[PDB]
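Student: This is the content of model_34.txt (compact mmCIF, C-alpha atoms and all ligand atoms):
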# COMPACT_ATOMS: atom_id res chain seq x y z
CA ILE A 1 30.62 -36.03 -19.18
CA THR A 2 28.20 -33.44 -20.55
CA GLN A 3 25.73 -36.33 -20.41
CA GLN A 4 26.55 -36.69 -16.70
CA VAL A 5 25.83 -32.97 -16.31
CA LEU A 6 22.53 -33.63 -18.09
CA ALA A 7 21.71 -36.41 -15.63
CA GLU A 8 22.69 -34.27 -12.63
CA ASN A 9 20.62 -31.30 -13.80
CA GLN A 10 17.68 -33.62 -14.49
CA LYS A 11 17.88 -35.02 -10.95
CA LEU A 12 18.08 -31.45 -9.65
CA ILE A 13 14.93 -30.53 -11.59
CA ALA A 14 13.07 -33.50 -10.13
CA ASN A 15 14.27 -32.67 -6.60
CA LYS A 16 13.22 -29.01 -6.82
CA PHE A 17 9.84 -29.86 -8.35
CA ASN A 18 9.04 -32.40 -5.63
CA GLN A 19 9.98 -29.93 -2.89
CA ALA A 20 7.77 -27.31 -4.55
CA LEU A 21 4.92 -29.85 -4.64
CA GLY A 22 5.28 -30.22 -0.88
CA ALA A 23 5.04 -26.44 -0.49
CA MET A 24 1.90 -26.23 -2.65
CA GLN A 25 0.22 -29.03 -0.71
CA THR A 26 0.93 -27.12 2.51
CA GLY A 27 -0.46 -23.91 1.05
CA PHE A 28 -3.70 -25.46 -0.17
CA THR A 29 -4.26 -27.51 3.00
CA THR A 30 -3.85 -24.37 5.10
CA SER A 31 -6.17 -22.41 2.79
CA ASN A 32 -8.78 -25.14 3.24
CA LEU A 33 -8.53 -25.05 7.03
CA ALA A 34 -8.86 -21.25 6.96
CA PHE A 35 -11.91 -21.51 4.66
CA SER A 36 -13.51 -23.99 7.05
CA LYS A 37 -12.95 -21.55 9.91
CA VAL A 38 -14.30 -18.61 7.87
CA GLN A 39 -17.47 -20.48 6.88
CA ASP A 40 -18.16 -21.60 10.44
CA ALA A 41 -17.54 -18.15 11.96
CA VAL A 42 -19.72 -16.28 9.46
CA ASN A 43 -22.54 -18.80 9.86
CA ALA A 44 -22.38 -18.65 13.67
CA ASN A 45 -22.50 -14.85 13.63
CA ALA A 46 -25.33 -14.90 11.08
CA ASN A 47 -27.29 -17.19 13.40
CA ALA A 48 -26.55 -14.86 16.32
CA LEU A 49 -27.74 -11.83 14.35
CA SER A 50 -30.89 -13.67 13.25
CA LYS A 51 -31.63 -14.75 16.83
CA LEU A 52 -31.14 -11.22 18.15
CA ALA A 53 -33.35 -9.67 15.47
CA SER A 54 -36.01 -12.33 16.15
CA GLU A 55 -35.93 -11.46 19.87
CA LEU A 56 -37.04 -7.86 19.36
CA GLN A 57 -37.44 -7.73 8.87
CA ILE A 58 -33.77 -8.78 8.80
CA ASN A 59 -32.65 -11.82 6.81
CA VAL A 60 -29.16 -13.18 7.31
CA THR A 61 -26.97 -14.85 4.68
CA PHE A 62 -25.31 -18.23 5.31
CA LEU A 63 -22.12 -19.45 3.73
CA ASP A 64 -21.65 -22.82 2.02
CA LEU A 65 -18.06 -23.73 1.09
CA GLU A 66 -18.34 -27.54 0.93
CA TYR A 67 -17.87 -27.82 -2.85
CA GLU A 68 -14.87 -25.50 -2.78
CA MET A 69 -13.12 -27.36 0.05
CA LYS A 70 -13.77 -30.66 -1.75
CA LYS A 71 -12.16 -29.21 -4.89
CA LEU A 72 -9.16 -28.03 -2.88
CA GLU A 73 -8.80 -31.54 -1.45
CA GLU A 74 -8.90 -33.03 -4.95
CA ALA A 75 -6.21 -30.60 -6.11
CA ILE A 76 -4.03 -31.55 -3.13
CA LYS A 77 -4.49 -35.22 -4.04
CA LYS A 78 -3.39 -34.54 -7.63
CA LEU A 79 -0.34 -32.70 -6.28
CA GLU A 80 0.44 -35.79 -4.17
CA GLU A 81 0.17 -38.00 -7.23
CA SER A 82 2.44 -35.75 -9.32
CA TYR A 83 5.70 -36.77 -7.66
CA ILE A 84 8.61 -37.80 -9.94
CA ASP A 85 10.85 -40.82 -9.77
CA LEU A 86 13.54 -40.46 -12.43
CA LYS A 87 14.69 -43.81 -13.79
CA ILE B 1 20.80 -46.49 -23.01
CA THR B 2 21.32 -43.60 -20.63
CA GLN B 3 20.52 -41.44 -23.68
CA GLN B 4 17.05 -42.84 -24.38
CA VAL B 5 16.46 -43.22 -20.64
CA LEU B 6 17.36 -39.55 -20.19
CA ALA B 7 14.86 -38.65 -22.91
CA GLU B 8 12.23 -40.77 -21.14
CA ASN B 9 12.89 -39.05 -17.82
CA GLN B 10 12.65 -35.63 -19.47
CA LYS B 11 9.24 -36.46 -20.96
CA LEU B 12 8.14 -37.77 -17.55
CA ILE B 13 9.19 -34.51 -15.88
CA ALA B 14 7.24 -32.50 -18.45
CA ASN B 15 4.15 -34.71 -18.01
CA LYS B 16 4.20 -34.44 -14.21
CA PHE B 17 4.76 -30.68 -14.33
CA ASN B 18 1.78 -30.16 -16.64
CA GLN B 19 -0.49 -32.29 -14.43
CA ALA B 20 0.62 -30.27 -11.41
CA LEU B 21 -0.21 -27.09 -13.33
CA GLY B 22 -3.73 -28.39 -13.79
CA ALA B 23 -4.02 -29.07 -10.06
CA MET B 24 -2.78 -25.59 -9.12
CA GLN B 25 -5.17 -23.92 -11.56
CA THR B 26 -8.03 -25.89 -10.00
CA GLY B 27 -6.98 -24.91 -6.48
CA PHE B 28 -6.61 -21.20 -7.20
CA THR B 29 -9.84 -20.99 -9.23
CA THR B 30 -11.71 -22.68 -6.38
CA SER B 31 -10.08 -20.36 -3.82
CA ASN B 32 -11.24 -17.40 -5.92
CA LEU B 33 -14.81 -18.66 -6.03
CA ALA B 34 -14.75 -19.18 -2.26
CA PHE B 35 -13.36 -15.66 -1.68
CA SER B 36 -16.10 -14.18 -3.86
CA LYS B 37 -18.73 -16.01 -1.80
CA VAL B 38 -17.09 -14.98 1.52
CA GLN B 39 -16.96 -11.32 0.52
CA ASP B 40 -20.58 -11.31 -0.63
CA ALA B 41 -21.85 -12.99 2.52
CA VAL B 42 -19.88 -10.80 4.93
CA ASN B 43 -21.11 -7.68 3.17
CA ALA B 44 -24.72 -8.89 3.14
CA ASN B 45 -24.59 -9.57 6.88
CA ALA B 46 -22.88 -6.21 7.47
CA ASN B 47 -25.75 -4.52 5.62
CA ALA B 48 -28.26 -6.52 7.68
CA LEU B 49 -26.60 -5.49 10.94
CA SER B 50 -26.46 -1.84 9.85
CA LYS B 51 -30.14 -2.03 8.91
CA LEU B 52 -31.03 -3.42 12.32
CA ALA B 53 -29.09 -0.75 14.21
CA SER B 54 -30.48 2.09 12.08
CA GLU B 55 -34.03 0.70 12.32
CA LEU B 56 -33.65 0.50 16.09
CA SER B 57 -32.06 3.86 16.87
CA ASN B 58 -34.93 5.55 14.98
CA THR B 59 -37.69 3.55 16.69
CA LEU B 60 -28.20 3.87 21.77
CA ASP B 61 -24.99 4.81 19.97
CA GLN B 62 -24.24 4.06 16.33
CA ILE B 63 -22.31 0.85 15.62
CA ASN B 64 -20.23 1.01 12.45
CA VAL B 65 -20.07 -2.10 10.28
CA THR B 66 -17.09 -3.12 8.19
CA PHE B 67 -17.33 -3.94 4.49
CA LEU B 68 -15.06 -6.32 2.61
CA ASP B 69 -13.45 -5.61 -0.76
CA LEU B 70 -11.48 -8.52 -2.23
CA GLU B 71 -11.67 -7.46 -5.89
CA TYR B 72 -7.97 -6.65 -6.29
CA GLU B 73 -7.08 -9.97 -4.67
CA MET B 74 -9.34 -11.97 -7.00
CA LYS B 75 -7.82 -10.14 -9.97
CA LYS B 76 -4.37 -11.17 -8.74
CA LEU B 77 -5.54 -14.77 -8.39
CA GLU B 78 -6.84 -14.64 -11.96
CA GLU B 79 -3.47 -13.32 -13.14
CA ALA B 80 -1.65 -16.14 -11.36
CA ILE B 81 -4.02 -18.68 -12.93
CA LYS B 82 -3.34 -17.22 -16.38
CA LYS B 83 0.43 -17.42 -15.83
CA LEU B 84 0.07 -21.03 -14.70
CA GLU B 85 -1.93 -21.65 -17.89
CA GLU B 86 0.84 -20.17 -20.02
CA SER B 87 3.58 -22.16 -18.22
CA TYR B 88 2.99 -25.52 -19.95
CA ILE B 89 5.96 -27.47 -21.32
CA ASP B 90 6.04 -28.57 -24.98
CA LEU B 91 9.22 -30.60 -25.47
CA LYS B 92 10.91 -30.95 -28.86
CA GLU B 93 11.39 -34.74 -29.06
CA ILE C 1 21.86 -33.36 -32.30
CA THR C 2 19.66 -35.18 -29.82
CA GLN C 3 21.86 -34.20 -26.88
CA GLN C 4 21.82 -30.51 -27.77
CA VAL C 5 18.04 -30.82 -28.08
CA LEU C 6 17.99 -32.56 -24.69
CA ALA C 7 19.91 -29.66 -23.15
CA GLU C 8 17.57 -27.20 -24.89
CA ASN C 9 14.52 -28.97 -23.48
CA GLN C 10 16.09 -29.13 -20.01
CA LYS C 11 16.63 -25.38 -20.01
CA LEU C 12 13.04 -24.98 -21.21
CA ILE C 13 11.73 -27.14 -18.34
CA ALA C 14 13.70 -25.15 -15.78
CA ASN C 15 12.53 -21.82 -17.26
CA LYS C 16 8.87 -22.85 -17.25
CA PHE C 17 9.06 -24.29 -13.72
CA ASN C 18 10.57 -21.08 -12.36
CA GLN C 19 7.92 -18.94 -14.08
CA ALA C 20 5.24 -21.15 -12.53
CA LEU C 21 6.92 -20.68 -9.13
CA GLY C 22 6.46 -16.94 -9.57
CA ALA C 23 2.76 -17.43 -10.33
CA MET C 24 2.24 -19.66 -7.27
CA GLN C 25 3.98 -17.18 -4.99
CA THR C 26 1.69 -14.43 -6.30
CA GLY C 27 -1.41 -16.55 -5.71
CA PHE C 28 -0.53 -17.53 -2.15
CA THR C 29 0.61 -14.03 -1.14
CA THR C 30 -2.65 -12.57 -2.42
CA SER C 31 -4.70 -15.31 -0.72
CA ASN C 32 -2.95 -14.46 2.55
CA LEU C 33 -3.74 -10.76 2.20
CA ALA C 34 -7.38 -11.67 1.50
CA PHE C 35 -7.50 -13.92 4.59
CA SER C 36 -6.08 -11.06 6.66
CA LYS C 37 -8.86 -8.76 5.45
CA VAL C 38 -11.56 -11.43 5.92
CA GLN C 39 -10.50 -12.15 9.49
CA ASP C 40 -10.33 -8.45 10.37
CA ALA C 41 -13.74 -7.72 8.83
CA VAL C 42 -15.48 -10.68 10.48
CA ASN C 43 -14.01 -9.74 13.86
CA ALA C 44 -14.89 -6.04 13.50
CA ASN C 45 -18.50 -6.91 12.66
CA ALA C 46 -18.52 -9.45 15.49
CA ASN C 47 -17.51 -6.71 17.90
CA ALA C 48 -20.21 -4.44 16.44
CA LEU C 49 -22.90 -7.10 16.92
CA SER C 50 -21.75 -7.83 20.47
CA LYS C 51 -21.83 -4.10 21.26
CA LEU C 52 -25.34 -3.71 19.86
CA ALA C 53 -26.65 -6.71 21.79
CA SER C 54 -24.93 -5.48 24.97
CA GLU C 55 -26.39 -1.96 24.75
CA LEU C 56 -29.86 -3.30 23.85
CA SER C 57 -30.15 -4.83 27.34
CA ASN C 58 -28.09 -2.38 29.39
CA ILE C 59 -26.34 -14.10 22.21
CA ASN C 60 -22.78 -15.39 21.89
CA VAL C 61 -20.60 -13.97 19.14
CA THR C 62 -17.84 -15.87 17.34
CA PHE C 63 -14.37 -14.49 16.59
CA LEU C 64 -11.98 -15.64 13.87
CA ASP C 65 -8.27 -16.36 14.34
CA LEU C 66 -6.37 -17.18 11.13
CA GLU C 67 -2.84 -16.37 12.35
CA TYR C 68 -1.50 -19.94 12.33
CA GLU C 69 -2.86 -20.46 8.82
CA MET C 70 -1.29 -17.25 7.52
CA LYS C 71 2.07 -18.11 9.10
CA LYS C 72 1.82 -21.45 7.32
CA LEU C 73 1.07 -19.80 3.99
CA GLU C 74 4.16 -17.64 4.47
CA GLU C 75 6.26 -20.75 5.08
CA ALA C 76 4.92 -22.31 1.88
CA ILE C 77 5.73 -19.09 0.01
CA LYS C 78 9.30 -19.13 1.36
CA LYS C 79 9.84 -22.75 0.32
CA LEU C 80 8.50 -21.87 -3.14
CA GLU C 81 11.12 -19.09 -3.25
CA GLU C 82 13.81 -21.59 -2.30
CA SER C 83 12.74 -24.11 -4.97
CA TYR C 84 14.25 -22.24 -7.95
CA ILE C 85 16.35 -24.19 -10.45
CA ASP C 86 19.85 -23.09 -11.47
CA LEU C 87 21.04 -25.58 -14.08
CA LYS C 88 24.74 -26.05 -14.70
CL CL A 101 15.96 -33.22 -17.94
Here is a file; write its structure as structure tokens.
Ligand SMILES: [Cl-]
Tutor:
Amino acid sequence: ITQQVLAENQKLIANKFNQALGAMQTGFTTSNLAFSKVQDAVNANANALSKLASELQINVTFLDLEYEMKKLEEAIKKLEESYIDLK
Amino acid sequence: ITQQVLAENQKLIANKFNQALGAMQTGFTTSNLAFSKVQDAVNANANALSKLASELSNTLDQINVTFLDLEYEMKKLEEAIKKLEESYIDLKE
Amino acid sequence: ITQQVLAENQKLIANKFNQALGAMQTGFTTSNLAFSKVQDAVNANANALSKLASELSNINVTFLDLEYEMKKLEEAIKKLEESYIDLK
């Protein structure tokens, strides 16, 4: 019936949205891993530059991304909790 | 009952979609803040390294430092966040 | 006309979800371009610092590899492309 088409399309919407949620979780998890790597690399190279300049007035800048990565984790958790079970 | 149940499921889909919109906005805004901080730090350390090499060669070859410009990318992230903001669902029931 | 309203709302949900898919694709593509530039810049300046320290004696430098992460972002973007809704 047209109502059966309504039910089918509604199930399709739920299916597509849940798959898209999976994709977004992947994207944000990967962005967080990359941000961790970026923070660590910049801070290691800042420490290297500071050590070298100390050997021989140069101040190096350090990166702190903890709050941002925590926020990304919270967003991923919300995405996990936003899955849909049609009755 | 399929009728009222269908209406219930439609409201549930709208609710979940709007919550997910909130989560995505949070993620992209936080990514933008992190990119701003990364750009600023990399450029500060590039300036420090250039200062050291210039200070030294005038006290053997020039080392060229690379600068980071993420402004267009952060503008695009802001546009995506705005579109996500405008994509909320207001059902008619 | 509750059913016609139900169909109307269903089309609205699909329309909004697809528009949001477009926004997410834009965000992740731009984040990947930014990660490309960040990796390249950090590695270029790492090479510069290693060169300076090598010549000034003629410290361990750290290099960044984000390739797996960027490949993963591209996969997420592709799945987002494939998640579009064509209602009947
Ligand atoms: Cl529906």
Student: Compute the set of protein, DNA and RNA residues whose minimum atom distance to ligand CL 101 (chain A) is at most 7 Å, using all atoms listed in the file, and state it as a list in words.
Tutor: residues 6, 7, 9, 10 and 13 of chain A; 6, 9 and 10 of chain B; 10 of chain C
Student: Using all atoms listed in the file, tabulate the residues of chain C lying at most 7 Å from any atom of chain B, each with its closest atom pair and that distance in Å to one decimal, by chain and increasing residue number, as a Markdown table.
Tutor:
| residue | atom | partner | partner_atom | distance |
| --- | --- | --- | --- | --- |
| C:9 | CA | B:91 | CA | 5.9 |
| C:13 | CA | B:89 | CA | 6.5 |
| C:16 | CA | B:87 | CA | 5.4 |
| C:19 | CA | B:87 | CA | 6.8 |
| C:20 | CA | B:84 | CA | 5.6 |
| C:23 | CA | B:80 | CA | 4.7 |
| C:24 | CA | B:80 | CA | 6.7 |
| C:26 | CA | B:80 | CA | 6.3 |
| C:27 | CA | B:77 | CA | 5.2 |
| C:30 | CA | B:73 | CA | 5.6 |
| C:34 | CA | B:70 | CA | 6.4 |
| C:41 | CA | B:66 | CA | 5.7 |
| C:44 | CA | B:66 | CA | 6.4 |
| C:45 | CA | B:65 | CA | 5.6 |
| C:48 | CA | B:63 | CA | 5.8 |
| C:52 | CA | B:63 | CA | 6.9 |
| C:55 | CA | B:60 | CA | 6.8 |
Student: Based on all atoms listed in the file, which of the residues in chain A come within 12 Å of chain C? I want them as a PyMOL selection string.
Tutor: chain A and resi 1-56
Student: I'd like the neighbourhood of residue 68 (chain A) as number ranges by chain, where a residue qualifies if any of its atoms comes within 8 Å (using all atoms listed in the file), though same-chain residues fewer than 2 positions away should be ignored.
Tutor: A: 65-66, 70-72; B: 30-31, 33-34
Student: For C-alpha atoms, I'd like the residues from the last selection saved as a tab-separated table (two decimals), keeping the file's coordinate frame.
Tutor:
chain	number	residue	atom	x	y	z
A	65	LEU	CA	-18.06	-23.73	1.09
A	66	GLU	CA	-18.34	-27.54	0.93
A	70	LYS	CA	-13.77	-30.66	-1.75
A	71	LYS	CA	-12.16	-29.21	-4.89
A	72	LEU	CA	-9.16	-28.03	-2.88
B	30	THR	CA	-11.71	-22.68	-6.38
B	31	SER	CA	-10.08	-20.36	-3.82
B	33	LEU	CA	-14.81	-18.66	-6.03
B	34	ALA	CA	-14.75	-19.18	-2.26
Student: Expressed in Å to a single decimal, how great is the separation between CA of residue 19 (chain B) and CA of residue 87 (chain A)?
Tutor: 19.1 Å
Student: Return as lines of an AutoDock Vina configuration file the centre and edge lengths, in Å with one decimal, of the box along x, y and z that encloses every atom of region 71-77 of chain A in the file, padded by 5 Å per side.
Tutor:
center_x = -8.1
center_y = -31.6
center_z = -3.8
size_x = 18.1
size_y = 17.2
size_z = 14.7
Student: Missing atoms in region 57-76 of chain A need filling: write out N, CA, C and O atoms for it as a PDB file, in the coordinates of the input.
Tutor:
ATOM      1  N   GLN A  57     -37.712  -6.593   9.735  1.00  0.00           N
ATOM      2  CA  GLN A  57     -37.440  -7.730   8.870  1.00  0.00           C
ATOM      3  C   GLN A  57     -35.969  -7.758   8.447  1.00  0.00           C
ATOM      4  O   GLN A  57     -35.549  -7.005   7.564  1.00  0.00           O
ATOM      5  N   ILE A  58     -35.186  -8.618   9.095  1.00  0.00           N
ATOM      6  CA  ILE A  58     -33.770  -8.780   8.800  1.00  0.00           C
ATOM      7  C   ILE A  58     -33.522 -10.237   8.448  1.00  0.00           C
ATOM      8  O   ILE A  58     -33.770 -11.131   9.268  1.00  0.00           O
ATOM      9  N   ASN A  59     -33.007 -10.478   7.248  1.00  0.00           N
ATOM     10  CA  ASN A  59     -32.650 -11.820   6.810  1.00  0.00           C
ATOM     11  C   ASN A  59     -31.132 -11.907   6.725  1.00  0.00           C
ATOM     12  O   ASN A  59     -30.479 -11.008   6.184  1.00  0.00           O
ATOM     13  N   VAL A  60     -30.585 -12.986   7.259  1.00  0.00           N
ATOM     14  CA  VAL A  60     -29.160 -13.180   7.310  1.00  0.00           C
ATOM     15  C   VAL A  60     -28.770 -14.128   6.176  1.00  0.00           C
ATOM     16  O   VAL A  60     -29.586 -14.905   5.671  1.00  0.00           O
ATOM     17  N   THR A  61     -27.510 -14.041   5.758  1.00  0.00           N
ATOM     18  CA  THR A  61     -26.970 -14.850   4.680  1.00  0.00           C
ATOM     19  C   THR A  61     -26.013 -15.879   5.275  1.00  0.00           C
ATOM     20  O   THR A  61     -25.173 -15.536   6.116  1.00  0.00           O
ATOM     21  N   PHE A  62     -26.134 -17.128   4.832  1.00  0.00           N
ATOM     22  CA  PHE A  62     -25.310 -18.230   5.310  1.00  0.00           C
ATOM     23  C   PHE A  62     -24.309 -18.642   4.239  1.00  0.00           C
ATOM     24  O   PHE A  62     -24.524 -18.426   3.042  1.00  0.00           O
ATOM     25  N   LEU A  63     -23.199 -19.223   4.666  1.00  0.00           N
ATOM     26  CA  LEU A  63     -22.120 -19.450   3.730  1.00  0.00           C
ATOM     27  C   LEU A  63     -22.040 -20.952   3.527  1.00  0.00           C
ATOM     28  O   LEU A  63     -22.131 -21.721   4.499  1.00  0.00           O
ATOM     29  N   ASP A  64     -21.848 -21.394   2.285  1.00  0.00           N
ATOM     30  CA  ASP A  64     -21.650 -22.820   2.020  1.00  0.00           C
ATOM     31  C   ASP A  64     -20.402 -23.009   1.156  1.00  0.00           C
ATOM     32  O   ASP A  64     -20.408 -22.683  -0.036  1.00  0.00           O
ATOM     33  N   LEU A  65     -19.339 -23.542   1.762  1.00  0.00           N
ATOM     34  CA  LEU A  65     -18.060 -23.730   1.090  1.00  0.00           C
ATOM     35  C   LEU A  65     -17.688 -25.203   0.876  1.00  0.00           C
ATOM     36  O   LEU A  65     -16.510 -25.511   0.653  1.00  0.00           O
ATOM     37  N   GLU A  66     -18.659 -26.119   0.965  1.00  0.00           N
ATOM     38  CA  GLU A  66     -18.340 -27.540   0.930  1.00  0.00           C
ATOM     39  C   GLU A  66     -17.753 -27.952  -0.420  1.00  0.00           C
ATOM     40  O   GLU A  66     -16.750 -28.677  -0.478  1.00  0.00           O
ATOM     41  N   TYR A  67     -18.363 -27.487  -1.513  1.00  0.00           N
ATOM     42  CA  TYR A  67     -17.870 -27.820  -2.850  1.00  0.00           C
ATOM     43  C   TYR A  67     -16.458 -27.301  -3.066  1.00  0.00           C
ATOM     44  O   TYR A  67     -15.606 -27.996  -3.639  1.00  0.00           O
ATOM     45  N   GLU A  68     -16.187 -26.084  -2.598  1.00  0.00           N
ATOM     46  CA  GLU A  68     -14.870 -25.500  -2.780  1.00  0.00           C
ATOM     47  C   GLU A  68     -13.806 -26.267  -1.996  1.00  0.00           C
ATOM     48  O   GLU A  68     -12.715 -26.534  -2.515  1.00  0.00           O
ATOM     49  N   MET A  69     -14.103 -26.629  -0.748  1.00  0.00           N
ATOM     50  CA  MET A  69     -13.120 -27.360   0.050  1.00  0.00           C
ATOM     51  C   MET A  69     -12.896 -28.765  -0.504  1.00  0.00           C
ATOM     52  O   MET A  69     -11.770 -29.278  -0.470  1.00  0.00           O
ATOM     53  N   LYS A  70     -13.947 -29.389  -1.051  1.00  0.00           N
ATOM     54  CA  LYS A  70     -13.770 -30.660  -1.750  1.00  0.00           C
ATOM     55  C   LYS A  70     -12.844 -30.505  -2.954  1.00  0.00           C
ATOM     56  O   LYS A  70     -11.971 -31.352  -3.196  1.00  0.00           O
ATOM     57  N   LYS A  71     -13.020 -29.425  -3.724  1.00  0.00           N
ATOM     58  CA  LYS A  71     -12.160 -29.210  -4.890  1.00  0.00           C
ATOM     59  C   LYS A  71     -10.718 -28.974  -4.473  1.00  0.00           C
ATOM     60  O   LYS A  71      -9.786 -29.454  -5.134  1.00  0.00           O
ATOM     61  N   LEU A  72     -10.512 -28.236  -3.382  1.00  0.00           N
ATOM     62  CA  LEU A  72      -9.160 -28.030  -2.880  1.00  0.00           C
ATOM     63  C   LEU A  72      -8.529 -29.349  -2.452  1.00  0.00           C
ATOM     64  O   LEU A  72      -7.338 -29.589  -2.697  1.00  0.00           O
ATOM     65  N   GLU A  73      -9.319 -30.230  -1.830  1.00  0.00           N
ATOM     66  CA  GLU A  73      -8.800 -31.540  -1.450  1.00  0.00           C
ATOM     67  C   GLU A  73      -8.423 -32.367  -2.676  1.00  0.00           C
ATOM     68  O   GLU A  73      -7.397 -33.062  -2.681  1.00  0.00           O
ATOM     69  N   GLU A  74      -9.239 -32.304  -3.730  1.00  0.00           N
ATOM     70  CA  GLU A  74      -8.900 -33.030  -4.950  1.00  0.00           C
ATOM     71  C   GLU A  74      -7.609 -32.502  -5.566  1.00  0.00           C
ATOM     72  O   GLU A  74      -6.760 -33.280  -6.026  1.00  0.00           O
ATOM     73  N   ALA A  75      -7.440 -31.178  -5.577  1.00  0.00           N
ATOM     74  CA  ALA A  75      -6.210 -30.600  -6.110  1.00  0.00           C
ATOM     75  C   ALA A  75      -5.000 -31.037  -5.290  1.00  0.00           C
ATOM     76  O   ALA A  75      -3.937 -31.339  -5.853  1.00  0.00           O
ATOM     77  N   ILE A  76      -5.134 -31.073  -3.961  1.00  0.00           N
ATOM     78  CA  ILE A  76      -4.030 -31.550  -3.130  1.00  0.00           C
ATOM     79  C   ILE A  76      -3.708 -33.003  -3.446  1.00  0.00           C
ATOM     80  O   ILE A  76      -2.535 -33.400  -3.492  1.00  0.00           O
TER      81      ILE A  76
END
